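J.: Quick one: structure below, then a few questions.
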Amino acid sequence: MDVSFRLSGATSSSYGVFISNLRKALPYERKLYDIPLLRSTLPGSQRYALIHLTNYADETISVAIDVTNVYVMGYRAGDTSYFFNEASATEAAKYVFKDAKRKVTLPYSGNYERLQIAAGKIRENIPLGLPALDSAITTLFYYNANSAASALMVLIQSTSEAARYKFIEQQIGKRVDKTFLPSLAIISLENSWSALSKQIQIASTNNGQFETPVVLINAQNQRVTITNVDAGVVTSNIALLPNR
Ligand code: NA
């Protein structure tokens with residue numbers, strides 16, 4: 001269940017090893033098109049995994065993930081736990097970080113629309129890359145509440161979204177000593193994970209064909225309609241599928 005990443009001495013390779021270990025920490029039913037399909041039901045003792053992240057200043061947070069969908073439920077810093085204001089995280093708080101002296105319910109839920117409203121900033125204007133992840137860890141470790149929502153969006157994209165997509169893992173891991181604003185291609189992948197996952201599952205009993213087309217933006221900023229499992233996003237990008 002545990003997976004660790006250290007920012008001190010991080011490389012593109014060490015980030016890749018971390019994201020592979022995160023994918024490998026999640027139990028799978030089987031593969032569809034060589035993509036792991038996550039479990040629909042687990043023993044409670046197996047339902048949540050912890051990611052330990054340590055920044056350049058040697059400050060560690062532990063992040064709780066739901067292994068059936070890679071959603072971040074909350075995090076711990078020292079003797080405080082912090083959970084999203086959402087029923088899924090209230091359930092998680094029964095299993096993880098129970099020994100923390102103080103449990104905080106964050107003001108907001110974990111979805112990007114509420115995170116962006118809380119931050120007063122959209123993902124397209126928040127730098128990613130390994131240095132951005134280092135700053136995000138600092139903010140969360142101290143719970144600097146005015147920067148926490150932005151930090152959580154860095155943290156989620158650098159963990160949950162990188163685990164879901166090779167293209168995101170690759171783009172974030174390439175920025176070792178710099179930052180970058182995420183392209184519409186990265187945003188589009190995050191926004192469409194749920195819909196694409198559903199259509200890949202449908203496709204497997206439907207001769208490879210989607211029931212419902214999915215619109216993405218590609219790396220040239222073009223709108224593309226996805227209708228089958230031969231799309232590059234299905235053959236050479238997406239890395240995990242949730243069960244409905
Ligand atoms: Na803010």
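Letters A, B, ... go to the chains of the structure tokens in the order shown; residues in each chain start at 1; ligands are counted from 1 in the same order.
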Would you list the residues that come within 6 Å of ligand 1? Count only C-alpha atoms and all ligand atoms and give the answer as a list in words.
T.: residues 119, 120, 146 and 147 of chain A
J.: For the residues selected in the previous step, produce a file with N, CA, C and O atoms as a PDB file, in the first residue's frame.
T.:
```pdb
ATOM      1  N   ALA A 119      -9.571  28.397  -4.780  1.00  0.00           N
ATOM      2  CA  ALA A 119      -8.240  28.999  -5.040  1.00  0.00           C
ATOM      3  C   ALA A 119      -8.388  30.413  -5.595  1.00  0.00           C
ATOM      4  O   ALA A 119      -7.413  31.127  -5.515  1.00  0.00           O
ATOM      5  N   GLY A 120      -9.477  30.699  -6.304  1.00  0.00           N
ATOM      6  CA  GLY A 120      -9.617  31.877  -7.179  1.00  0.00           C
ATOM      7  C   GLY A 120      -8.727  31.795  -8.392  1.00  0.00           C
ATOM      8  O   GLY A 120      -8.262  32.877  -8.811  1.00  0.00           O
ATOM      9  N   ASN A 146      -4.509  29.891   2.582  1.00  0.00           N
ATOM     10  CA  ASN A 146      -4.809  30.774   1.430  1.00  0.00           C
ATOM     11  C   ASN A 146      -4.155  30.209   0.171  1.00  0.00           C
ATOM     12  O   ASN A 146      -4.595  30.585  -0.941  1.00  0.00           O
ATOM     13  N   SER A 147      -3.181  29.295   0.307  1.00  0.00           N
ATOM     14  CA  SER A 147      -2.535  28.683  -0.868  1.00  0.00           C
ATOM     15  C   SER A 147      -2.879  27.201  -0.971  1.00  0.00           C
ATOM     16  O   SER A 147      -2.504  26.662  -1.992  1.00  0.00           O
TER      17      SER A 147
END
```
J.: Under the rule of at most 8 Å, produce a per-residue listing of stretch 43-86 of chain A near stretch 7-26 of chain A: chain, number, name, the closest pair of atoms, and the distance in Å, as a tab-separated table, using only C-alpha atoms.
T.:
```
residue	atom	partner	partner_atom	distance
A:49	CA	A:25	CA	7.4
A:51	CA	A:22	CA	7.8
A:53	CA	A:7	CA	7.8
A:54	CA	A:7	CA	6.1
A:55	CA	A:7	CA	5.1
A:56	CA	A:8	CA	4.8
A:58	CA	A:8	CA	7.8
A:67	CA	A:26	CA	5.4
A:68	CA	A:26	CA	7.6
```
J.: Which residues, written as a PDB file with N, CA and C atoms, in the first residue's frame, have at least one atom at most 10 Å from residue A:123, with only C-alpha atoms counted and residues fewer than 4 positions away on the same chain left out?
T.:
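Full text of result_27.pdb as output:
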```pdb
ATOM      1  N   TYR A 112     -12.074  19.647  -9.351  1.00  0.00           N
ATOM      2  CA  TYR A 112     -11.363  20.836  -9.876  1.00  0.00           C
ATOM      3  C   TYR A 112     -12.286  22.062  -9.871  1.00  0.00           C
ATOM      4  N   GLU A 113     -13.582  21.885 -10.142  1.00  0.00           N
ATOM      5  CA  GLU A 113     -14.466  23.081 -10.222  1.00  0.00           C
ATOM      6  C   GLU A 113     -14.491  23.763  -8.850  1.00  0.00           C
ATOM      7  N   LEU A 115     -12.268  23.237  -6.267  1.00  0.00           N
ATOM      8  CA  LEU A 115     -10.856  23.640  -5.972  1.00  0.00           C
ATOM      9  C   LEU A 115     -10.523  24.996  -6.643  1.00  0.00           C
ATOM     10  N   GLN A 116     -10.852  25.171  -7.939  1.00  0.00           N
ATOM     11  CA  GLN A 116     -10.559  26.403  -8.699  1.00  0.00           C
ATOM     12  C   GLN A 116     -11.328  27.591  -8.069  1.00  0.00           C
ATOM     13  N   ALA A 119      -9.571  28.397  -4.780  1.00  0.00           N
ATOM     14  CA  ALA A 119      -8.240  28.999  -5.040  1.00  0.00           C
ATOM     15  C   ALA A 119      -8.388  30.413  -5.595  1.00  0.00           C
ATOM     16  N   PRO A 127       1.417  26.621 -12.268  1.00  0.00           N
ATOM     17  CA  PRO A 127       2.584  25.874 -12.760  1.00  0.00           C
ATOM     18  C   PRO A 127       2.679  24.471 -12.137  1.00  0.00           C
ATOM     19  N   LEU A 128       3.089  23.532 -12.974  1.00  0.00           N
ATOM     20  CA  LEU A 128       3.383  22.133 -12.641  1.00  0.00           C
ATOM     21  C   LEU A 128       4.868  21.886 -12.887  1.00  0.00           C
ATOM     22  N   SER A 150      -4.793  25.686  -4.340  1.00  0.00           N
ATOM     23  CA  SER A 150      -3.830  25.620  -5.469  1.00  0.00           C
ATOM     24  C   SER A 150      -2.849  24.479  -5.275  1.00  0.00           C
ATOM     25  N   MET A 153      -4.315  21.140  -6.067  1.00  0.00           N
ATOM     26  CA  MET A 153      -4.439  20.892  -7.523  1.00  0.00           C
ATOM     27  C   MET A 153      -3.078  20.485  -8.083  1.00  0.00           C
ATOM     28  N   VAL A 154      -1.989  21.077  -7.622  1.00  0.00           N
ATOM     29  CA  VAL A 154      -0.631  20.612  -8.052  1.00  0.00           C
ATOM     30  C   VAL A 154      -0.454  19.155  -7.627  1.00  0.00           C
ATOM     31  N   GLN A 157      -2.620  16.516  -9.579  1.00  0.00           N
ATOM     32  CA  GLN A 157      -2.178  16.339 -10.988  1.00  0.00           C
ATOM     33  C   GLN A 157      -0.864  15.576 -10.999  1.00  0.00           C
ATOM     34  N   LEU A 181       3.137  25.771 -17.465  1.00  0.00           N
ATOM     35  CA  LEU A 181       1.674  25.848 -17.359  1.00  0.00           C
ATOM     36  C   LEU A 181       1.130  24.697 -18.191  1.00  0.00           C
ATOM     37  N   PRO A 182       0.181  23.910 -17.649  1.00  0.00           N
ATOM     38  CA  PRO A 182      -0.307  22.746 -18.390  1.00  0.00           C
ATOM     39  C   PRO A 182      -1.092  23.185 -19.637  1.00  0.00           C
ATOM     40  N   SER A 183      -0.861  22.496 -20.754  1.00  0.00           N
ATOM     41  CA  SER A 183      -1.534  22.654 -22.072  1.00  0.00           C
ATOM     42  C   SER A 183      -3.005  22.217 -21.948  1.00  0.00           C
ATOM     43  N   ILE A 186      -3.353  18.376 -21.546  1.00  0.00           N
ATOM     44  CA  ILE A 186      -3.314  17.841 -20.151  1.00  0.00           C
ATOM     45  C   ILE A 186      -4.678  18.054 -19.452  1.00  0.00           C
ATOM     46  N   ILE A 187      -5.222  19.256 -19.517  1.00  0.00           N
ATOM     47  CA  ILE A 187      -6.539  19.587 -18.920  1.00  0.00           C
ATOM     48  C   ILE A 187      -7.605  18.630 -19.464  1.00  0.00           C
TER      49      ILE A 187
END
```
J.: Rounded to one decimal in Å, what is the spacing between atom CA of residue A:236 and atom CA of residue A:39?
T.: 22.2 Å
J.: Just want the 12 Å neighbourhood of residue A:179, counted on only C-alpha atoms, with same-chain residues fewer than 4 positions away dropped. Output as a list in words.
T.: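 Once the adjacent positions are removed, what remains is residues 125, 126, 127, 128, 129, 130, 131, 132, 133, 134, 135, 154, 171, 172, 173, 174 and 175 of chain A.
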J.: Just the residues within 12 Å of residue A:208, please, counting only C-alpha atoms, with nothing from its chain fewer than 4 positions along; format it as an NGL selection string.
T.: :A and (32-33 or 199-204 or 226-231 or 234-235)
J.: Run DSSP on the backbone and tell me which residues of stretch 54-99 of chain A come out as alpha helix (DSSP H); list them as an NGL selection string.
T.: :A and (87-92)
J.: Counting only C-alpha atoms, which residue out of A:191, A:139, A:144, A:69 sits closest to residue A:111?
T.: A:191
J.: Would you tabulate, counting only C-alpha atoms, all residues of stretch 103-213 of chain A that have an atom at most 8 Å from an atom of stretch 75-90 of chain A, showing the closest pair of atoms and their distance in Å to one decimal, sorted by chain then ascending number, as JSON lines?
T.:
```
{"residue": "A:103", "atom": "CA", "partner": "A:81", "partner_atom": "CA", "distance": 4.8}
{"residue": "A:104", "atom": "CA", "partner": "A:82", "partner_atom": "CA", "distance": 4.7}
{"residue": "A:105", "atom": "CA", "partner": "A:83", "partner_atom": "CA", "distance": 5.0}
{"residue": "A:106", "atom": "CA", "partner": "A:84", "partner_atom": "CA", "distance": 5.2}
{"residue": "A:107", "atom": "CA", "partner": "A:85", "partner_atom": "CA", "distance": 6.2}
{"residue": "A:108", "atom": "CA", "partner": "A:85", "partner_atom": "CA", "distance": 5.2}
{"residue": "A:109", "atom": "CA", "partner": "A:85", "partner_atom": "CA", "distance": 4.6}
{"residue": "A:110", "atom": "CA", "partner": "A:84", "partner_atom": "CA", "distance": 5.7}
{"residue": "A:140", "atom": "CA", "partner": "A:77", "partner_atom": "CA", "distance": 7.5}
{"residue": "A:141", "atom": "CA", "partner": "A:77", "partner_atom": "CA", "distance": 5.1}
{"residue": "A:142", "atom": "CA", "partner": "A:77", "partner_atom": "CA", "distance": 7.6}
```
J.: Rank A:47, A:164, A:101, A:6 by their smallest atom-to-atom distance to residue A:241, using only C-alpha atoms, and report the top residue only.
T.: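 Going through A:47, A:164, A:101, A:6 one by one, the smallest distance to residue A:241 is for A:164.
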J.: Write out as a list in words all residues of stretch 49-102 of chain A that backbone DSSP assigns to strand (DSSP E).
T.: residues 49, 50, 51, 52, 53, 54, 60, 61, 62, 63, 64, 65, 66, 72, 73, 74, 75, 76, 77, 80, 81, 82, 83 and 102 of chain A
J.: In terms of the shortest atom-to-atom distance over only C-alpha atoms, which of A:152, A:95, A:124, A:185 is closest to residue A:66?
T.: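 So, comparing all the options, the nearest one is A:95.
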J.: Using only C-alpha atoms, find the one residue out of A:42, A:136, A:35, A:1 that sits nearest to residue A:61.
T.: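 Among the listed residues, the smallest separation from residue A:61 belongs to A:136.
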